[PDB]
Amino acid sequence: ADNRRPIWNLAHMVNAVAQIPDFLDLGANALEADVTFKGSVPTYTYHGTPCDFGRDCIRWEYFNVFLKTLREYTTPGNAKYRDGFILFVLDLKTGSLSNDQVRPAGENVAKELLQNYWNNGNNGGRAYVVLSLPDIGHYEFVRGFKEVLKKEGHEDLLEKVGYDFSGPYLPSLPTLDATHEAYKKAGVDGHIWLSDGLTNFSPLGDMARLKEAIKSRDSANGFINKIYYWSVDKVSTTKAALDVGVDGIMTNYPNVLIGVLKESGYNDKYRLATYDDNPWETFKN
């Protein structure tokens, strides 16, 4: 009965486990963590310098420990369970991988999530996971990822998994068509998130890009389920993001969106997503 767009309030760059409850306490229903790779091996949650102004850039955790901790906060019945914590984005830093490393990196991430987050299908964490890849050309990561989960008898866990192919930013930015095709190549026919905001080498075209993605998401045969804007920390820009029609707001300060959502002119149109808002479902106005 609620006609309002569910919004994902994504805590940006939450790479230390100590930071998780703090960001959820600020009101995030989601968080984002940067997954570093040593070869094909996902190793740390760690962003590194430079990072957003006003942020310490070098908080980190071992990937497995981070995933295990996410499990704690997202397993019903767990002492640490937060029913408000419904999704996380893994910003997979595969950008330096040689081609041979890409598929195994997907397998490795799948294995990590399987073991540490989903506990091999044994009362795993319930949050949705967005695999964010920085290259549409890394679709074999997704193929490798899916293979592992299916081969291990946990294809059903793919219900919890979504994808965001975002980049590369050189030689040129990806078109939507190119992105859509990359999903097709990954065997991905839904659970598609699109991220925007991080590139602005052409503000006119970036304005255009976002609107194009919004139009695409809302088109009859659209492939994008959710659009999230990296990042937004001010009330004004938070409102602007909501107003242009994004589904998710990546932010250093989740408390900002919480406040905006409570405001007149916002509380009638937008609301904080809950677990029952399928992140893979395109919002129909």
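So that there is no doubt, residue numbering starts at 1 and follows the sequence shown.
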Q: Going by the average Cα B-factor in the PDB entry, point out whether 151-159 or 122-130 comes out higher.
A: 151-159
Q. Higher mean Cα B-factor in the deposited model: 218-226 or 246-254?
A. 218-226
Q) Which of these, 41, 26, 65, 51, has its C-alpha atom at the highest B-factor, as the entry lists it? A) 51
Q. Say you rank 191, 71, 138, 209 by Cα B-factor from the PDB entry; which sits at the top?
A. 209
Q) Once the chain's modelled residues are ordered by C-alpha B factor and cut into thirds, is residue 201 in the lowest, middle or highest one? A) highest
**Q.** Chain-wide C-alpha B factor ranking for residue 169, given as lowest, middle or highest third
**A.** highest
Q | residue 83 - which third its CA temperature factor falls in, relative to the rest of the chain | A | middle
Q.
Test of reading the entry: by CA B factor among the chain's modelled residues, which third contains residue 176?
A. highest
Q | Chain-relative CA temperature factor third for residue 90 | A | lowest
